[PDB]
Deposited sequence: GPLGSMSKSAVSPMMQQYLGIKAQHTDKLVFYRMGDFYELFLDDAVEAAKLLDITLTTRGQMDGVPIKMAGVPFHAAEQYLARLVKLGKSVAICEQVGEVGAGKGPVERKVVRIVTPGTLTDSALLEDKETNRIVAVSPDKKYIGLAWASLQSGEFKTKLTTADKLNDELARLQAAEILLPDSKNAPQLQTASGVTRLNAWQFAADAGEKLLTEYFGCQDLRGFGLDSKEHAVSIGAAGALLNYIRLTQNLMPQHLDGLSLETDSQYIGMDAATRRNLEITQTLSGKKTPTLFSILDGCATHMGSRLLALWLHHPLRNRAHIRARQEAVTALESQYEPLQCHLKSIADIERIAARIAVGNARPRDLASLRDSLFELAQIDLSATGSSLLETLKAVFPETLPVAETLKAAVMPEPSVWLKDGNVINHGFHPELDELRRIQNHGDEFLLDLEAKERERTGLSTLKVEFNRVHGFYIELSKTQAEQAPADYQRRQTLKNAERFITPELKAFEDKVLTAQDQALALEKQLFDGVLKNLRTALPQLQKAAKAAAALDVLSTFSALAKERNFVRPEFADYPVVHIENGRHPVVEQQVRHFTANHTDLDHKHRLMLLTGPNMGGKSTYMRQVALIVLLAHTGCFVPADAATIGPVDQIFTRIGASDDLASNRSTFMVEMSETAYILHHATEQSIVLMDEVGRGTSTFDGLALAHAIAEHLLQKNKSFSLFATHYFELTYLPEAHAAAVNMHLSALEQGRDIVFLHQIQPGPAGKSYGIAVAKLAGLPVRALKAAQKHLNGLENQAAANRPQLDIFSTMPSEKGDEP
């Protein structure tokens, strides 16, 4: 009535998606209308205009070009918005008549697989949360890696798990909590019945082809909330991608004991993967990122955030890096030459993979087959040595199937190799007819009338065609009109080449359709081959990060960390990993902590370097529990469960919490603010909780001198410092750890002489 049909179908699509933007394919452009038009013209800086009227109202519209579409929608998912992409799709091929217009894929900021949308070091996780009483169900998955885990956690404390997962999207039900909102990033809201164990268990069991989830360690009475979260995640993944991915790892209940505990503020303080200044310059991940492959880098981040508590999964890693120190160079001088086969396997699983990825996967897998000689170690890398079966006709029948240099698009043509399919072969051999047959009928009927020079014509409107001039007019052999338009050199169509295009045009029309058919065919080889791909990518990444761990333990002085059953922290000539590269003249120090030497009270002037030492030992323990070595001569670490580090952030209060038989707690000058009285009191009580009163093992830096007397009260809490000297008219710090307290101090290089005999006086009323 008062709406264009081309708007009626659009509304038919938009009706199903009022919770995300809709890219609507219009010619060589993607366009959005109405509120999508205003919102898209706002989030981006896109010209807003008008095209058409609905009920007598000029409908607004914004547009982007097709060539720059993935860039713009990549900017849209960086903003945390979802976009449904609506194309015109037809049955059989090229639409044997009709065309449908439907949403072919839905792009969400947490289900990303294309290299055009992801940074080559981005980790993309979608986490679903299902809350209720105390415990809450936590389930996360990464499409690009196949990761798919679950976990039970407590209501709030969830924020630390969220900052640990670094989620790019959160799935949430309705009613009650959880809160935070802007402490996550981009939250999409799903129906409550999606989070039902009373449906989730069924969906999961069907997905993995098993009778129960007890094999994955998930019972039904407990865990129910988390199996429901996993079910909701599975549903979302199904609704977003065009194929249901069959590459997901396999459910596992993550225990809150298999990794060392690090809260959000601790992960930010130590600068594991990002700075406090919101960047990626000097982070622990950056100065260790010597991975030849992107997947190895991302895995390096994963290990950097998840150091394990088990005294059996590390030292295996030590048995790898130790056995790699004499063979790591020819491994990276080989791993540098492969591509992101992890994301490639992903795109094959979801179904958004283009031929270039098949080619690159073929090559990188063949190069993965050329490791061979570099092998033989202990336990784990004996598994990695055997994990490459070359990957059989998955690597072999990939070069046999796909060309060395395939086309960019499957609709351009020519992707499958020559001599791979016979009917294909005979259906190609008309590429010489651009040099034959038409030359035959074009020279045999070249100027059978004259004059003059004769040319040929392809044209898109009309079929194959021939040339002519102005004054030269009606000189034809068939002649019978069927001619114009228009004027200025005239044209008469021929009746016998309309049987020539009748076979070459159809020749390509069945060549490309067939090529799509068997491209889908050898695109199906996933019934047995997809897990092979996942295992290949996993082991390749692991070898990359481990060999990188071997390069760093020889180019820089790193030593195998030893372990112990008794709570101990000792290390000789310990160095800070990221600061060691910033000065080119770092001073190695030691730590000396045991059951009777557990708390260290640090003192010293400012630019002396106590923060650097604290972060030094903390990062050293972290690296020791990763598998890599530590910057030292030797280091011994007992058992440890959590690491804590420290606008009156009481979050010191967080130092409580489940299982406090810790071994590492950092406190840097707690007391700044309020006053010296109440600040000193709080620093005193806080310092006393860290020994016997509830907890154990701490590095306590403070300027409070009236607190250096604490070793006189508790023998387990010792006191050390860092000093300064000069050997001249200016004070310099060489940054050496020295036992005992402060302080001179002093000094003063010109502070008159009427405030000096009180600076020495009041600093002698040290009651």
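Student: Given the full deposited sequence, which segments carry no C-alpha coordinates?
Tutor: Several regions go unmodelled: 1-8, 655-669, 791-819.
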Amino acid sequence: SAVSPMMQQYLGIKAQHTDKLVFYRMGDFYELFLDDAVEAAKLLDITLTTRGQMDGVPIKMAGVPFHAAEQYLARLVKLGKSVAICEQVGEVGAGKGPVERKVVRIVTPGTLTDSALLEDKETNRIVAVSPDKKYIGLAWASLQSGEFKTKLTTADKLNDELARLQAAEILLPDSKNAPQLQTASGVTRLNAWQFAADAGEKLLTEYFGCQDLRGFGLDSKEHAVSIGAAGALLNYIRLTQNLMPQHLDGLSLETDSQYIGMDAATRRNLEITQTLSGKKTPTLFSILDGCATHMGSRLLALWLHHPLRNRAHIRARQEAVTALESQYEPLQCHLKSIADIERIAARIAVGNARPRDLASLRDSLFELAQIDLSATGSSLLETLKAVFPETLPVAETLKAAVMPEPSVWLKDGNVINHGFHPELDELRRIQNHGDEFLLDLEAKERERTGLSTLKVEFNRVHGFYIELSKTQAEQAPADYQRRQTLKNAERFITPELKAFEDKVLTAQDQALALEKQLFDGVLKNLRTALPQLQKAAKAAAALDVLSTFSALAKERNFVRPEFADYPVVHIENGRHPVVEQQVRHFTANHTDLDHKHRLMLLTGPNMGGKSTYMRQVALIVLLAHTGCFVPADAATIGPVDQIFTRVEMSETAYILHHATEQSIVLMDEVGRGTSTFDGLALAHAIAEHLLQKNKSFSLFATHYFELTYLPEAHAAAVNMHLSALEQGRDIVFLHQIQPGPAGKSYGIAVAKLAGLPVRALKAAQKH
From here on, numbers count along this sequence of modelled residues.
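Student: So 431-439 or 269-277, which one's hotter by mean CA B-factor in the entry?
Tutor: Stretch with the higher mean C-alpha B-factor: 431-439.
Student: Which is higher on mean Cα B factor in this entry, 500-508 or 298-306?
Tutor: According to the entry, 500-508 carries the higher average C-alpha B-factor.
Student: Choose from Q246, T652, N557, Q88 the residue with the greatest Cα B-factor as stated in the PDB record.
Tutor: Checking the PDB record, the top C-alpha B-factor among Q246, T652, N557, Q88 is at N557.
Student: Between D668, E648, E329, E169, which one tops the list for Cα B-factor in this entry?
Tutor: Result of the comparison over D668, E648, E329, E169: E329.
Student: Splitting the chain's C-alpha B-factors into thirds, which one does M26 fall into?
Tutor: Bottom third by C-alpha B-factor.
Student: Taking the chain's C-alpha temperature factors as the reference, tell me which third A764 falls into: lowest, middle or highest.
Tutor: Highest third - that is where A764 ends up once the chain's C-alpha B-factors are sorted.
Student: How does the C-alpha B factor of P757 compare with the rest of the chain: lowest, middle or highest third?
Tutor: As the PDB entry reports it, the C-alpha B-factor of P757 lands in the highest third of its chain.
Student: Lowest, middle or highest third: which one holds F195 when the chain's residues are ordered by CA B-factor from the entry?
Tutor: As the PDB entry reports it, the C-alpha B-factor of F195 lands in the lowest third of its chain.
Student: Taking only the Cα B-factors deposited for this chain, tell me whether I466 sits in the lowest, middle or highest third.
Tutor: Top third by C-alpha B-factor.
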